[PDB]
Every structure is written in structure tokens, then in C-alpha cells.
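This report concerns only the one structure given below.
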Amino acid sequence: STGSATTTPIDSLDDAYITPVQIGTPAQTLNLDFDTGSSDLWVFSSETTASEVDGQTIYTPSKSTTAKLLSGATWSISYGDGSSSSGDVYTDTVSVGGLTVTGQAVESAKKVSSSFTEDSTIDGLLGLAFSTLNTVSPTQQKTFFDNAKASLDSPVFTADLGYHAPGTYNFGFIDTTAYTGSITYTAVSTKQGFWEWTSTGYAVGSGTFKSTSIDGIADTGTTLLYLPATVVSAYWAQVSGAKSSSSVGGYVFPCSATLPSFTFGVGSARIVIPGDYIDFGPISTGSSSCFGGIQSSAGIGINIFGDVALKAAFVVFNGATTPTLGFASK
């Protein structure tokens with residue numbers, strides 16, 4: 001089997017991407033944030049505290065003939081940005097882009113933090129990290145990808161995120177028309193539950209490539225590119241007037257600036273992030289100070305190749321017995 005679904009930016013900055021997901025019988029379609037940095041499939045629901053729902057589409061298990069309470073199971077998750085959610089669990093039929101999993105754990109939110117309530121466009125998350133990070137207790141549950149794996153033509157999914165445009169998540173096949181050149185594969189560590197890999201270095205604009213190992217995670221659920229302070233300083237030093245602002249919470253730059261590209265290494269291959277991808281616009285409406293798309297990972301504890309980086313590539317998440325990551329230009 002295979003699946004193929006379009007993923008669409010939620011706003012004009014590509015702050016996140018939503019992908020339609022069919023849950024239950026008859027189908028209830030919710031727009032979920034596919035997140036390769038977590039491992040819970042959770043939704044706004046009929047059980048979500050009413051004051052914490054503001055425009056989202058909810059899953060109502062009582063209207064699904066295939067929904068079954070997973071008795072005794074609860075979940076609770078906190079994300080790197082400080083947001084959180086918790087609730088109980090149903091199993092139900094879940095389909096993405098024509099690919100169907102029966103008996104998928106669908107985590108029903110009873111509580112969500114402000115950030116989720118305030119984002120009307122995201123109806124929940126679909127985690128695509130390794131199932132060892134799943135928060136369901138007392139019986140940990142499998143991700144949609146893990147459940148689908150044995151039925152897939154190939155045990156892979158791919159992320160092809162657009163810049164200010166829709167893109168595609170495919171399951172079970174590699175679309176050889178979706179990228180240019182060849183795919184370079186690189187080793188993955190699952191020790192922390194993430195798609196964790198080691199970049200071979202970086203360049204700023206047309207500068208020389210610096211060979212250096214950068215351990216980080218491929219995370220579709222994070223907007224920006226978070227790298228070591230040394231690297232990020234070297235980037236923003238090439239932008240006149242750029243500075244790190246403690247009041248704003250990162251690097252800002254004059255909106256009148258032209259940004260240089262940023263290159264990262266995948267083995268001997270190179271992925272180029274155009275400068276425009278690194279512009280996240282005025283810090284506040286009407287401001288001439290713009291927020292940078294490359295930020296320091298210092299104090300996160302991990303480097304994060306988020307959407308800013310991933311949308312510059314066609315990315316293969318290979319969930320074979322020995323997992324790997326592939327990157328191609330496009």
C-alpha cells in the first residue's frame with residue numbers, strides 16, 4: 001500500500017503545515033500538524049474543555065462506529081516550545097492520503113495549552129518520530145507510520161514541504177519526479193527517539209564550506225533552523241545591522257536587508273537554503289525589525305533542522321530495520 005497527501009502552510013510565513021487526516025466511520029476530516037519530532041497522534045475533540053476550543057474542527061468518537069475507548073489509557077505531552085496537551089485515548093480507523101490504518105491510537109485532548117487554542121488552523125498533531133517517545137500510559141502506543149509499516153510497499157515516508165506553497169507527504173514510496181539529482185542518505189540514531197543525524201558542515205552565502213559535525217534532528221514540527229551559537233553568529237555577521245535581541249527572543253535584522261543563503265552538508269552533498277527562506281518578517285505589525293529564521297540552539301539542548309531547512313529539500317525518512325535519512329535538492 002501507499003498514501004499521498006498534500007500539506008499546506010497555515011499562514012503566509014510557513015509557521016507550520018497542515019495535512020488532512022480522515023478519522024473514524026464515517027470519516028471525520030481533521031487538519032493535523034505532521035510532526036517528525038514527536039510520536040503522539042492527538043486531536044481536538046468533543047472531550048476538550050470548551051473554553052480551550054476556538055475554531056478548531058473536533059473529533060467526536062461517539063459519532064464513529066469504529067471508535068473504541070482504550071480503557072484506562074491517558075496521555076500528556078509537553079513540546080519544546082512550552083506548549084502542552086493531555087487527555088484519554090480511543091482506537092479508530094485513520095487514513096492519510098488513501099492509506100488506512102485500523103486500530104490506531106487517537107489521543108483525545110481534554111486539555112490543551114493557550115498556544116493550541118489560539119491557533120484555529122491546527123486540529124491536532126500526527127507524530128512521526130519513533131514510537132518510544134509516545135506518551136500513552138500505561139501501555140505505550142505506536143505511531144501511524146509504525147502501524148502502517150508492514151503494509152507499505154517500502155517502509156518509508158517522505159516530506160516535501162513548500163516555500164510559501166503546498167507540498168506533499170508520501171507514505172510507502174519515493175516519488176522520483178519530486179527531486180533533482182540524487183538522494184544522499186545519512187545514518188540515523190534512534191537513541192533519543194528522534195530522526196537524529198549528523199550534518200557534515202555549513203556555508204554562509206557564497207563563503208567557503210566549513211567541515212564540522214553538527215548533530216541534530218529532522219523535525220517537521222519546528223518552524224525554524226536551530227544551530228550552535230558559533231554557526232548562527234557566523235551567519236548573522238553577514239547581515240548588516242543584524243543582532244541578537246534578548247527582548248525579542250533571538251536574532252533580528254533590518255527588514256531592508258537582503259539575506260544570504262545558508263548551506264548545510266549531508267555527507268558529501270550540499271543543501272542550499274535560499275536567503276528568502278530565512279526571512280520571517282516584521283517582529284510586530286509595521287515594524288522595520290524582521291525576525292530571523294536561523295536561531296541559536298543554545299539552551300534547547302539539541303540542534304533542530306526544522307521547516308526552514310527541510311523545505312529546501314526532498315527528505316526521505318527511511319524506517320527500515322536500520323533507519324536512515326535521505327536528502328535531495330528539488
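Labeling convention for the C-alpha cells: chains A, B, ... as they appear, residues from 1 per chain, ligands from 1 in order of appearance.
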
**Message:** Please identify the alpha helix (DSSP H) residues within range 69-296 of chain A (assignment by DSSP from backbone atoms) and present them as a PyMOL selection string.
**Reply:** chain A and resi 114-117+144-148+229-236

**Request:** Using only C-alpha atoms, determine which residues lie at most 9 Å from range 84-98 of chain A, disregarding the query and same-chain residues fewer than 2 positions distant; provide the list as a PyMOL selection string.
**Result:** chain A and resi 1-6+19-25+27+42+47-48+61+64-79+81-82+100-116+136+144+169-171

**Minimum-distance residue to residue 255 in chain A, chosen among A:206, A:60, A:318, A:284 (using only C-alpha atoms)** = A:284

**Asked** Using only C-alpha atoms, which of the listed residues (A:251, A:295, A:158, A:204) sits closest to residue 176 in chain A?
**Response** A:158

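Relative to CA of residue 299 in chain A, CA of residue 229 in chain A is found at 10.1 Å.
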
**Of the listed residues A:155, A:275, A:80, A:55, that which approaches residue 38 in chain A most closely, counting only C-alpha atoms** = A:80

**Message:** Can you pull out the residues contacting range 236-247 of chain A? Cut-off 10 Å, using only C-alpha atoms, and skip same-chain residues under 3 positions away; I want them as a ChimeraX atom specification.
**Reply:** /A:204-205,231-233,250-260,289-292,294-296

Would you save the residues of that selection, restricted to N, CA, C and O atoms, as a PDB file, in the first residue's frame?
ATOM      1  N   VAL A 204      27.955  29.952   4.610  1.00  0.00           N
ATOM      2  CA  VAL A 204      27.131  31.161   4.642  1.00  0.00           C
ATOM      3  C   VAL A 204      27.259  31.873   3.306  1.00  0.00           C
ATOM      4  O   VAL A 204      28.361  32.235   2.894  1.00  0.00           O
ATOM      5  N   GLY A 205      26.150  32.071   2.605  1.00  0.00           N
ATOM      6  CA  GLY A 205      26.221  32.718   1.308  1.00  0.00           C
ATOM      7  C   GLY A 205      27.199  32.019   0.382  1.00  0.00           C
ATOM      8  O   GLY A 205      27.216  30.787   0.280  1.00  0.00           O
ATOM      9  N   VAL A 231      27.777  28.861  14.787  1.00  0.00           N
ATOM     10  CA  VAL A 231      27.293  28.805  13.405  1.00  0.00           C
ATOM     11  C   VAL A 231      26.347  29.967  13.121  1.00  0.00           C
ATOM     12  O   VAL A 231      26.419  30.626  12.080  1.00  0.00           O
ATOM     13  N   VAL A 232      25.428  30.183  14.046  1.00  0.00           N
ATOM     14  CA  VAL A 232      24.408  31.201  13.887  1.00  0.00           C
ATOM     15  C   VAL A 232      25.014  32.600  13.918  1.00  0.00           C
ATOM     16  O   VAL A 232      24.596  33.475  13.150  1.00  0.00           O
ATOM     17  N   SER A 233      25.996  32.819  14.793  1.00  0.00           N
ATOM     18  CA  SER A 233      26.725  34.078  14.804  1.00  0.00           C
ATOM     19  C   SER A 233      27.421  34.326  13.463  1.00  0.00           C
ATOM     20  O   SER A 233      27.411  35.449  12.938  1.00  0.00           O
ATOM     21  N   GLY A 250      15.646  36.390  20.119  1.00  0.00           N
ATOM     22  CA  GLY A 250      16.523  35.845  19.100  1.00  0.00           C
ATOM     23  C   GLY A 250      17.087  36.897  18.162  1.00  0.00           C
ATOM     24  O   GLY A 250      16.993  38.106  18.393  1.00  0.00           O
ATOM     25  N   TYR A 251      17.713  36.421  17.105  1.00  0.00           N
ATOM     26  CA  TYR A 251      18.250  37.296  16.081  1.00  0.00           C
ATOM     27  C   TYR A 251      17.168  37.985  15.274  1.00  0.00           C
ATOM     28  O   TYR A 251      16.213  37.357  14.786  1.00  0.00           O
ATOM     29  N   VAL A 252      17.356  39.292  15.142  1.00  0.00           N
ATOM     30  CA  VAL A 252      16.532  40.150  14.302  1.00  0.00           C
ATOM     31  C   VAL A 252      17.436  40.860  13.329  1.00  0.00           C
ATOM     32  O   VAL A 252      18.645  40.953  13.548  1.00  0.00           O
ATOM     33  N   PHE A 253      16.849  41.387  12.266  1.00  0.00           N
ATOM     34  CA  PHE A 253      17.630  42.079  11.258  1.00  0.00           C
ATOM     35  C   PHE A 253      16.780  43.154  10.598  1.00  0.00           C
ATOM     36  O   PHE A 253      15.544  43.092  10.637  1.00  0.00           O
ATOM     37  N   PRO A 254      17.437  44.161  10.000  1.00  0.00           N
ATOM     38  CA  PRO A 254      16.661  45.212   9.352  1.00  0.00           C
ATOM     39  C   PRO A 254      15.846  44.663   8.199  1.00  0.00           C
ATOM     40  O   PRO A 254      16.381  43.946   7.362  1.00  0.00           O
ATOM     41  N   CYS A 255      14.565  44.998   8.125  1.00  0.00           N
ATOM     42  CA  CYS A 255      13.749  44.419   7.073  1.00  0.00           C
ATOM     43  C   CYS A 255      14.222  44.867   5.687  1.00  0.00           C
ATOM     44  O   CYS A 255      13.862  44.264   4.674  1.00  0.00           O
ATOM     45  N   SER A 256      15.042  45.907   5.641  1.00  0.00           N
ATOM     46  CA  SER A 256      15.617  46.370   4.377  1.00  0.00           C
ATOM     47  C   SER A 256      16.779  45.515   3.865  1.00  0.00           C
ATOM     48  O   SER A 256      17.292  45.761   2.771  1.00  0.00           O
ATOM     49  N   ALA A 257      17.205  44.531   4.649  1.00  0.00           N
ATOM     50  CA  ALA A 257      18.352  43.701   4.290  1.00  0.00           C
ATOM     51  C   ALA A 257      18.007  42.650   3.249  1.00  0.00           C
ATOM     52  O   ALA A 257      16.862  42.206   3.155  1.00  0.00           O
ATOM     53  N   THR A 258      19.018  42.258   2.478  1.00  0.00           N
ATOM     54  CA  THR A 258      18.946  41.061   1.654  1.00  0.00           C
ATOM     55  C   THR A 258      19.686  39.966   2.417  1.00  0.00           C
ATOM     56  O   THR A 258      20.807  40.160   2.845  1.00  0.00           O
ATOM     57  N   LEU A 259      19.051  38.822   2.630  1.00  0.00           N
ATOM     58  CA  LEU A 259      19.695  37.754   3.379  1.00  0.00           C
ATOM     59  C   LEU A 259      20.525  36.832   2.496  1.00  0.00           C
ATOM     60  O   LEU A 259      20.115  36.504   1.396  1.00  0.00           O
ATOM     61  N   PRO A 260      21.690  36.395   2.990  1.00  0.00           N
ATOM     62  CA  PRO A 260      22.443  35.360   2.274  1.00  0.00           C
ATOM     63  C   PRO A 260      21.818  33.982   2.416  1.00  0.00           C
ATOM     64  O   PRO A 260      21.065  33.716   3.363  1.00  0.00           O
ATOM     65  N   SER A 289      11.942  45.920  12.025  1.00  0.00           N
ATOM     66  CA  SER A 289      12.819  44.869  12.516  1.00  0.00           C
ATOM     67  C   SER A 289      12.170  43.533  12.170  1.00  0.00           C
ATOM     68  O   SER A 289      11.006  43.299  12.493  1.00  0.00           O
ATOM     69  N   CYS A 290      12.928  42.684  11.482  1.00  0.00           N
ATOM     70  CA  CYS A 290      12.440  41.400  10.995  1.00  0.00           C
ATOM     71  C   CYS A 290      13.041  40.245  11.783  1.00  0.00           C
ATOM     72  O   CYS A 290      14.168  40.331  12.262  1.00  0.00           O
ATOM     73  N   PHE A 291      12.283  39.168  11.928  1.00  0.00           N
ATOM     74  CA  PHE A 291      12.758  38.026  12.716  1.00  0.00           C
ATOM     75  C   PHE A 291      13.483  36.993  11.858  1.00  0.00           C
ATOM     76  O   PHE A 291      13.017  36.630  10.785  1.00  0.00           O
ATOM     77  N   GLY A 292      14.632  36.531  12.342  1.00  0.00           N
ATOM     78  CA  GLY A 292      15.448  35.591  11.596  1.00  0.00           C
ATOM     79  C   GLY A 292      14.987  34.140  11.666  1.00  0.00           C
ATOM     80  O   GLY A 292      14.484  33.668  12.695  1.00  0.00           O
ATOM     81  N   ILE A 294      17.059  31.510  11.228  1.00  0.00           N
ATOM     82  CA  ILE A 294      18.144  30.722  11.797  1.00  0.00           C
ATOM     83  C   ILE A 294      18.400  31.299  13.177  1.00  0.00           C
ATOM     84  O   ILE A 294      18.641  32.497  13.315  1.00  0.00           O
ATOM     85  N   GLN A 295      18.312  30.446  14.191  1.00  0.00           N
ATOM     86  CA  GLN A 295      18.418  30.874  15.572  1.00  0.00           C
ATOM     87  C   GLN A 295      19.332  29.922  16.328  1.00  0.00           C
ATOM     88  O   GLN A 295      19.590  28.801  15.887  1.00  0.00           O
ATOM     89  N   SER A 296      19.809  30.364  17.480  1.00  0.00           N
ATOM     90  CA  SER A 296      20.679  29.533  18.296  1.00  0.00           C
ATOM     91  C   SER A 296      19.917  28.427  19.002  1.00  0.00           C
ATOM     92  O   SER A 296      18.832  28.651  19.546  1.00  0.00           O
TER      93      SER A 296
END

**All residues 8 Å or closer to residue 142 in chain A, only C-alpha atoms, same chain fewer than 3 positions away omitted, as a PyMOL selection string** = chain A and resi 39+104-105+131+134+146-147

**Item:** Distance criterion (only C-alpha atoms): nearest to residue 40 in chain A out of A:18, A:137, A:53, A:62
**Value:** A:137

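CA of residue 37 in chain A is positioned 19.6 Å from CA of residue 264 in chain A.
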
**Item:** Residue with smallest distance to residue 119 in chain A - pool A:310, A:230, A:10, A:329, counting only C-alpha atoms
**Value:** A:10

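Non-sequential neighbours of residue 302 in chain A (distance at most 12 Å, separation of 6 or more positions within a chain, only C-alpha atoms) are residues 37, 80, 192, 194, 196, 197, 198, 214, 215, 216, 217, 218, 219, 225, 226, 227, 228, 229 and 296 of chain A.
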
Please identify all polymer residues within 7 Å of residue 156 in chain A, counting only C-alpha atoms, omitting same-chain residues fewer than 5 positions from it, and present them as a JSON list (two decimals) with C-alpha atoms, in the first residue's frame.
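So the final result, stored in around-v6.json, reads:
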[["chain", "number", "residue", "atom", "x", "y", "z"],
["A", 171, "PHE", "CA", 3.96, 7.01, 2.55],
["A", 172, "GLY", "CA", 5.43, 3.82, 1.20],
["A", 173, "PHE", "CA", 7.17, 5.10, -1.93],
["A", 316, "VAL", "CA", 13.27, 10.59, 2.94],
["A", 317, "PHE", "CA", 12.50, 9.18, 6.36],
["A", 318, "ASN", "CA", 13.63, 5.56, 5.95],
["A", 319, "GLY", "CA", 12.13, 3.36, 8.67]]
